[PDB]
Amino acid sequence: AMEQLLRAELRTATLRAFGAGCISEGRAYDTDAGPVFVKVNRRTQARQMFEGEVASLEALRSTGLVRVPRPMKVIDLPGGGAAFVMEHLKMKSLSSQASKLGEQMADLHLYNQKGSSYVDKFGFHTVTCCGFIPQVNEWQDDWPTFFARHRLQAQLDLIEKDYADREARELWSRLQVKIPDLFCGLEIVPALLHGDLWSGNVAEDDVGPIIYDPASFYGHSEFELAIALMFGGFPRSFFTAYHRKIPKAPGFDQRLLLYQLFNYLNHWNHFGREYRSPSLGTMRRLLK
C-alpha cells in the first residue's frame, strides 16, 4: 500500500508516520498537576461536539478493554466556542501494537454480547458529532434503518441543502431500495463503536495501543473498519487479529462500500467538492 510505495520511491529503510487537525486546534500544556491536552473550537456548536466526545470517551473507558484519554473539562469561551481539556498521553503512530489493537477492537465490539451489557437497539444515549456535524442517535431496533436514516440520509440532506446536487439525489433514491439486500438476512447485534477509527486517531506507547477522538454509538461492528481501510495506515496484522475474533460475515465486501460511502459523504460535507467524485462513484458501484 501507500507506505511500501513511499519506501520504494524515496529509497528509505524507515518510514514512521507522525501521530492539530481539520476540526479543532489542539495543544499540550504542562501544568502544576502535570500535562494536559486541550482542544479548542470557536464555532457555536463546539460545546455539543465536545460533550459528545466526553460521552464517547466515558463509554469506552467503562469497558476497561482499550486505553483512551480521561476527559477532564469542557469550558465555554468568551466570544464563542469551547475548550476541551483531557489527559495528555505521550504517543507515537501505531506500528508494533497493531495486532494488539485488532484484538482490543474486536473485544470492544463483542463486549455488548458477552459482558454484562444489555443494549439491544442501535444508537446512543446522547448526541455525538461526526466532525462538526451533529448526529441523531435515536434508538432503532433495525440497523439498516438506523444507518439509512440517521447516517446516510442525514449526510445527503446536507449535500442537497448546500450543493443541491442532482446526481447525488437520484443515485441515493435508487440506493435506498438496494440497502436491505446488502445485509444477507443477517441478525445484526449492537456493538459499541469508537466511531471514527481513522489511522490518525490511533497510536501507541510502551504499554500498548491507544485510541482517541471517538464519536461513539451502538452500531454494526463492521462500520468501524470502513474508515480504517479507506484511508489506510493500519498494518495488516491489525485486521488479521480482528477477524480472527470476528470473521467477515457474508456480504462484508459490499457493506464495506456502503460504510465507506458514509465517510465519503461526510468528507464532501466537511471538505467540499473534492469528495463528490468518490461519493457518486461509490453509489454507482453499489448499484451495478
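The term rigid core refers to the most C-alpha atoms you can superpose between the two forms while keeping them within 1.5 Å. So that there is no doubt, residue numbering starts at 1 and follows the sequence shown.
After superposition on the rigid core, the larger root-mean-square Cα deviation in 4 other deposited structures of this protein belongs to 72-80, not to the other of 204-212 and 72-80.
Using the rigid core as the fitting frame, the root mean square C-alpha deviation in 4 other deposited structures of this protein is greater for 30-38 than for the other of 30-38 and 51-59.
In terms of unmodelled positions of the deposited sequence, the chain runs continuously from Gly272 to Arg273 in this entry. Set 119-127 against 190-198 and average the Cα temperature factors; 119-127 ends up higher.
As the entry records it, the average C-alpha temperature factor is higher for 30-38, out of 30-38 and 235-243. Sorting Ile211, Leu175, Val207, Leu108 by the CA temperature factor given in the entry leaves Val207 at the top.
Considering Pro71, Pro144, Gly102, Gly81 together, the PDB entry gives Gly81 the largest C-alpha B factor.
Among all modelled residues in this chain, the alpha-carbon of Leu265 has a temperature factor (C-alpha) in the lowest third. Per the deposited record, the Cα B-factor of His150 falls in the middle third when ranked against the other modelled residues of its chain.
Ranked within its chain, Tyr163 lands in the middle third, by CA B factor from the PDB record. For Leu60, the recorded CA temperature factor ranks within the lowest third of the chain's modelled residues.
The entry lists a Cα temperature factor for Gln254 that places it in the middle third of the chain's modelled residues.
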